[PDB]
Amino acid sequence: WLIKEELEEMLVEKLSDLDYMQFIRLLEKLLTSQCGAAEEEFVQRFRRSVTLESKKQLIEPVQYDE
Amino acid sequence: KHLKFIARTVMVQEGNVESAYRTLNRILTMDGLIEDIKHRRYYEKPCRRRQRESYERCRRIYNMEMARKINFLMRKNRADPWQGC
């Protein structure tokens with residue numbers, strides 16, 4: 001879910017933490033139902049992408065001597 | 001002058017002395033004997049006794065009314081039907 005600052009930037013309106021909580025609760029309730037394509041697009045309008053960086057260690061290349 | 005082992009007596013069930021004593025204490029508490037003994041340890045002057053009785057009666061009235069209101073409104077603790085509006 002987008003943070004309160006992102007929602008304020010989208011709406012061009014000052015918001016409160018409780019207003020953001022109500023909006024996010026309503027969006028989650030929207031997701032929980034048998035939503036259609038348009039109802040999913042509306043949600044994806046607010047959903048943001050998070051880069052899940054893998055904690056897997058980088059493997060050094062295998063070099064060869066003389 | 002009365003017979004014995006009739007008043008304030010509770011029979012123990014299968015050696016469950018803990019539950020028997022709990023039942024005896026509950027009986028004494030509900031009948032008010034415990035509070036009576038505690039208040040009779042030291043003499044309570046009649047003005048102090050009247051003040052305590054007035055305070056306890058007002059407390060009983062307030063507590064009963066608050067409990068009635070809580071029970072009356074408890075049905076309204078259900079989920080919000082108009083969420084988002």
# chains A, B, ... in the order shown; residues from 1 in each chain; ligands from 1
call {"tool": "interface_residues", "arguments": {"of": "chain A", "to": "chain B", "cutoff": "8 Å", "atoms": "only C-alpha atoms", "output": "list in words"}}
result
residues 22, 23 and 26 of chain A
call {"tool": "residues_around", "arguments": {"residues": "residue 41 in chain A", "least_positions_apart": "6", "cutoff": "12 Å", "atoms": "only C-alpha atoms", "output": "NGL selection string"}}
result
:A and (27 or 30-31 or 35 or 47)
call {"tool": "write_last_selection", "arguments": {"atoms": "N, CA, C and O atoms", "output": "PDB file, in the first residue's frame"}}
result
ATOM      1  N   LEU A  27      -9.717  -0.066   1.192  1.00  0.00           N
ATOM      2  CA  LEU A  27      -9.061  -0.708   0.055  1.00  0.00           C
ATOM      3  C   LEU A  27      -8.826  -2.193   0.304  1.00  0.00           C
ATOM      4  O   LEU A  27      -8.997  -3.017  -0.603  1.00  0.00           O
ATOM      5  N   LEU A  30     -11.976  -3.938  -0.137  1.00  0.00           N
ATOM      6  CA  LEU A  30     -12.218  -4.064  -1.569  1.00  0.00           C
ATOM      7  C   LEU A  30     -11.454  -5.243  -2.156  1.00  0.00           C
ATOM      8  O   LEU A  30     -11.990  -5.996  -2.977  1.00  0.00           O
ATOM      9  N   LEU A  31     -10.197  -5.414  -1.748  1.00  0.00           N
ATOM     10  CA  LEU A  31      -9.399  -6.530  -2.248  1.00  0.00           C
ATOM     11  C   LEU A  31      -9.981  -7.872  -1.823  1.00  0.00           C
ATOM     12  O   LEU A  31      -9.970  -8.834  -2.600  1.00  0.00           O
ATOM     13  N   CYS A  35     -13.365  -9.356  -6.538  1.00  0.00           N
ATOM     14  CA  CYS A  35     -13.240  -8.168  -7.369  1.00  0.00           C
ATOM     15  C   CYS A  35     -13.002  -8.537  -8.828  1.00  0.00           C
ATOM     16  O   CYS A  35     -12.344  -9.534  -9.137  1.00  0.00           O
ATOM     17  N   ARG A  47      -1.596   0.651  -5.277  1.00  0.00           N
ATOM     18  CA  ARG A  47      -0.525  -0.267  -4.920  1.00  0.00           C
ATOM     19  C   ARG A  47       0.786   0.180  -5.552  1.00  0.00           C
ATOM     20  O   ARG A  47       0.834   0.554  -6.726  1.00  0.00           O
TER      21      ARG A  47
END
call {"tool": "residues_around", "arguments": {"residues": "residue 39 in chain B", "least_positions_apart": "4", "cutoff": "12 Å", "atoms": "only C-alpha atoms", "output": "PyMOL selection string"}}
result
chain B and resi 32-35+43-45+48-49+52-53
call {"tool": "write_last_selection", "arguments": {"atoms": "N, CA and C atoms", "output": "compact mmCIF listing (two decimals), in the first residue's frame"}}
result
# COMPACT_ATOMS: atom_id res chain seq x y z
N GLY B 32 -22.94 -11.80 53.53
CA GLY B 32 -22.40 -10.60 54.13
C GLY B 32 -21.69 -10.80 55.45
N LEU B 33 -21.47 -12.05 55.87
CA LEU B 33 -20.86 -12.30 57.17
C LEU B 33 -19.42 -11.83 57.22
N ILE B 34 -18.67 -12.00 56.13
CA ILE B 34 -17.25 -11.64 56.13
C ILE B 34 -17.08 -10.14 56.35
N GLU B 35 -17.84 -9.34 55.60
CA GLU B 35 -17.78 -7.90 55.78
C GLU B 35 -18.24 -7.49 57.17
N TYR B 43 -14.88 -0.92 66.57
CA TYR B 43 -16.20 -0.31 66.64
C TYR B 43 -16.34 0.81 65.62
N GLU B 44 -17.43 0.78 64.87
CA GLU B 44 -17.75 1.82 63.90
C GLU B 44 -18.80 2.73 64.54
N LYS B 45 -18.43 3.99 64.75
CA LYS B 45 -19.33 4.92 65.40
C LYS B 45 -20.56 5.16 64.53
N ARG B 48 -20.17 7.32 61.51
CA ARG B 48 -19.34 6.66 60.51
C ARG B 48 -20.11 5.54 59.82
N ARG B 49 -20.90 4.78 60.59
CA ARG B 49 -21.69 3.71 60.00
C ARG B 49 -22.72 4.26 59.02
N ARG B 52 -20.88 5.34 55.87
CA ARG B 52 -20.50 4.19 55.07
C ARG B 52 -21.71 3.59 54.36
N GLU B 53 -22.84 3.48 55.06
CA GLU B 53 -24.03 2.91 54.44
C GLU B 53 -24.54 3.79 53.31
call {"tool": "atom_distance", "arguments": {"atom1": "CA of residue 11 in chain A", "atom2": "CA of residue 49 in chain A"}}
result
19.2 Å
call {"tool": "residues_around", "arguments": {"residues": "residue 2 in chain A", "least_positions_apart": "3", "cutoff": "9 Å", "atoms": "only C-alpha atoms", "output": "ChimeraX atom specification"}}
result
/A:5-7,24,46-48
